[PDB]
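Undergrad: Residue numbers (the deposited numbering): 142 to 521.
Pasting a structure below so you can have a look.
Written out as structure tokens, the structure reads:
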């Protein structure tokens with residue numbers, strides 16, 4: 142609907158390792174679910190992240206993807222792309238703001254799940270939202286580790302279902318995706334390596350004019366070289382700004398593509414879990430109760446009514462699983478059609494960044510080269 146935020150208020154408590162900021166959020170969307178219709182909240186970086194990961198666990202157990210926030214607490218410390226949570230204090234605040242508004246736009250991008258009242262009232266107020274969210278409670282961590290170790294053994298026969306007709310595309314694109322993101326972000330790290338010393342070389346190009354000041358001083362030469370100074374500074378500013386912004390755009394796109402793909406691979410892993418749930422449910426309910434029917438001639442009506450209500454309730458649970466297969470697959474239809482429209486949306490976003498680079502390149506290159514035109518038609 143309406144989302145126009147102003148990220149302000151750098152309330153720094155500690156500097157260096159994982160700086161926590163109560164930053165301003167100008168809360169739009171004046172729909173009548175939002176009470177005051179004009180309000181701005183503060184959001185403390187120690188507070189809302191843990192509660193949002195709690196709510197992310199909640200809408201993960203019914204089954205959805207999460208938008209990645211600015212990450213911390215073993216998520217923003219262990220190989221986001223390199224690491225360095227020490228740098229999230231003063232210089233990568235712009236990276237925090239960028240991925241923060243990516244997170245906010247992806248919050249907007251689930252309009253069916255946008256009608257969640259608790260997170261709307263929490264982002265609607267500024268209440269210092271429940272500061273116990275900074276946490277280390279990974280007792281489910283090793284649990285899901287050996288669950289992943291079991292799924293890596295027992296995924297194969299369930300892959301052969303109708304799931305294959307929907308997963309062969311995702312497997313092909315995740316193989317091509319990990320190949321192209323390996324190559325592309327390796328190019329990004331080499332860009333981080335050499336664009337900075339390229340900017341330093343442009344600074345030494347400027348200092349070469351003082352080196353010319355240590356030589357013959359002719360003013361016709363001096364005007365030309367002092368004009369070339371601001372020429373190379375404009376060129377350095379333009380393409381270094383492009384090499385910064387478009388490349389961390391594509392880096393954030395690769396990162397949240399990785400995280401959303403990991404979420405949906407985990408979701409199909411839970412669908413395989415529900416497969417083995419109904420499978421061993423049916424195996425116990427049939428084998429054990431036809432072993433009771435087998436043991437009819439231990440004649441009492443106790444195991445007869447036990448057989449009856451056990452097969453009734455537990456095959457009702459089996460039918461719950463076989464209907465929840467269409468429920469989970471329908472949720473999969475929803476979130477993968479969300480993926481096609483979201484891929485279209487952020488492909489449009491980085492392609493409008495490309496043609497926006499073309500547009501500001503057109504108007505900037507045009508304006509300062511026509512500003513250089515009279516001093517090209519005259520002495521430089």
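For every residue, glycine included, the Cβ atom is placed at its ideal position computed from N, Cα and C.
Look at the Cβ atom of residue 150, then the Cβ atom of residue 183, and state whether they are nearer than 8 Å.
TA: Yes; because the gap between Cβ atoms is below 8 Å, this pair is in contact.
Undergrad: Going along the chain, which unbroken runs of the alpha helix (DSSP H) with 4 or more residues stay wholly within the region 289-326?
TA: The region 289-326 contains these whole alpha helix (DSSP H) runs: 297-300.
Undergrad: Give the single residue among 409, 217, 369 whose Cα lies nearest to the Cα of residue 517.
TA: Nearest option by C-alpha distance: 369.
Undergrad: Under 8 Å by Cβ, that's how I've got residue 240 and residue 393 pegged, so tell me the actual separation to the nearest angstrom.
TA: Yes, residue 240 and residue 393 are in contact; Cβ-Cβ is about 5 Å, under 8 Å.
Undergrad: Tell me which residues share the same chain as residue 418 and place their Cβ nearer than 7 Å to its Cβ, disregarding the 5 neighbours each side in the sequence.
TA: The answer, listed in chain order, is 462.
Undergrad: Report the residue from 354, 176, 201 whose alpha carbon sits nearest the alpha carbon of residue 404.
TA: It is 201.
Undergrad: Please state the DSSP three-state secondary structure of residue 337.
TA: Note: residue 337 maps to helix in three-state DSSP.
Undergrad: Output the distance between the C-alpha atoms of residue 161 and residue 294, rounded to the nearest integer angstrom.
TA: Rounded to whole angstroms, residue 161 to residue 294 spans 41 Å at the Cα level.
Undergrad: Could you tell me which residues DSSP pairs with residue 166 in its beta bridges?
TA: The partner list for residue 166 (beta bridge, DSSP) reads 182.
Undergrad: Tell me whether residue 494 sits in a helix, a strand or coil according to DSSP, three-state version.
TA: Here residue 494 sits in helix by DSSP.
Undergrad: What residues match up with residue 444 in a beta bridge as DSSP calls it?
TA: Residue 444 is not bridged to any residue.
Undergrad: Please name the residue, chosen from 230, 144, 179, that lies closest to residue 247 on a Cα-to-Cα basis.
TA: Of 230, 144, 179, the residue nearest in Cα terms is 144.
Undergrad: Just grab the DSSP bridge partners of residue 153 for me.
TA: Note: residue 153 sits in a beta bridge opposite 162.
Undergrad: Against chain D, does residue 348 count as a neighbour if the rule is that its beta carbon must be under 8 Å from one of theirs?
TA: In summary, chain D is missing from the structure at hand, where a single protein chain is found.
Undergrad: Given this structure, state the Cα-to-Cα distance separating residue 275 from residue 409, to the nearest angstrom.
TA: Those two C-alpha atoms are separated by around 29 Å.
Undergrad: With burial defined as no fewer than 16 other Cβ atoms inside 10 Å of the residue's Cβ, what is the status of residue 376: buried or exposed?
TA: Counting Cβ neighbours within 10 Å, residue 376 comes out exposed, since fewer than 16 surround it.
Undergrad: Out of curiosity, what's the CA-to-CA distance linking residue 232 and residue 372?
TA: Going from the Cα of residue 232 to the Cα of residue 372 covers about 27 Å.
Undergrad: Quick one: give me the first and last residue of the alpha helix (DSSP H) that residue 397 is part of.
TA: First-last of the alpha helix (DSSP H) with residue 397: 360-435.
Undergrad: Expressed to the nearest angstrom, what Euclidean distance is found between the alpha-carbon atoms of residue 455 and residue 412?
TA: Cα-Cα distance, rounded: 19 Å.
Undergrad: Within 8 Å, do at least three Cβ pairs link the region 357-364 to the region 325-340?
TA: Output reads no: the region 357-364 does not touch the region 325-340.
Undergrad: Assuming residue 501 contacts residue 390 under a Cβ cut-off of 8 Å, what Cβ separation, rounded to an integer in Å, is found between them?
TA: Their Cβ separation, rounded to whole angstroms, is 14 Å, which puts residue 501 and residue 390 out of contact at 8 Å.
Undergrad: Nearest-angstrom Cα distance between residue 386 and residue 503?
TA: Using only the alpha carbons, I get a separation of about 18 Å.
Undergrad: Using 8 Å for Cβ pairs, my map puts residue 396 next to residue 252. What's the rounded Cβ distance?
TA: About 24 Å; that fails the 8 Å criterion.
Undergrad: With 16 as the cutoff for other CB atoms within 10 Å, does residue 191 come out buried or exposed?
TA: Its Cβ being crowded by 16 or more others within 10 Å, residue 191 is buried.
Undergrad: Would you report the Cα separation of residue 163 and residue 195, rounded to the nearest angstrom?
TA: Taking the straight line from one Cα to the other gives about 20 Å.
Undergrad: Going by beta-carbon coordinates alone, are residue 238 and residue 154 separated by less than 8 Å?
TA: No.
Undergrad: Determine the closest residue to residue 450 out of 472, 466, 470, 427, with distance taken between C-alpha atoms.
TA: The shortest Cα separation from residue 450 among 472, 466, 470, 427 belongs to 427.
Undergrad: Alpha carbon to alpha carbon, what distance is there between residue 342 and residue 298?
TA: The alpha-carbon atoms of residue 298 and residue 342 are separated by roughly 59 Å.
Undergrad: Determine the direct distance from the alpha carbon of residue 206 to that of residue 478, and round the result to whole angstroms.
TA: Approximately 13 Å between the Cα atoms of the pair.
Undergrad: Tell me where the alpha helix (DSSP H) around residue 259 begins and ends.
TA: First-last of the alpha helix (DSSP H) with residue 259: 258-265.
Undergrad: Closer than 8 Å is the cut-off here; do at least three beta carbon pairs connect the region 259-275 with the region 173-187?
TA: Yes, since at least three Cβ pairs between the region 259-275 and the region 173-187 fall closer than 8 Å, the two stretches touch.
Undergrad: Measuring only the C-alpha atoms, how far is residue 326 from residue 171?
TA: Cα to Cα, the separation comes out at about 40 Å.
Undergrad: Along the chain, where does the alpha helix (DSSP H) containing residue 248 start, and where does it finish?
TA: Per DSSP, residue 248 belongs to the alpha helix (DSSP H) from 234-249.
Undergrad: Within the continuous alpha helix (DSSP H) that includes residue 198, where are the two ends?
TA: Unbroken alpha helix (DSSP H) run through residue 198: 189-202.
Undergrad: Alpha carbon to alpha carbon, how far is residue 378 from residue 245? Give it in angstroms, no decimals.
TA: Going by the C-alpha atoms only, they are around 29 Å apart.
Undergrad: For residue 311 and residue 406, what's the separation of their Cα atoms in angstroms?
TA: So the alpha carbons of these two residues sit roughly 9 Å apart.
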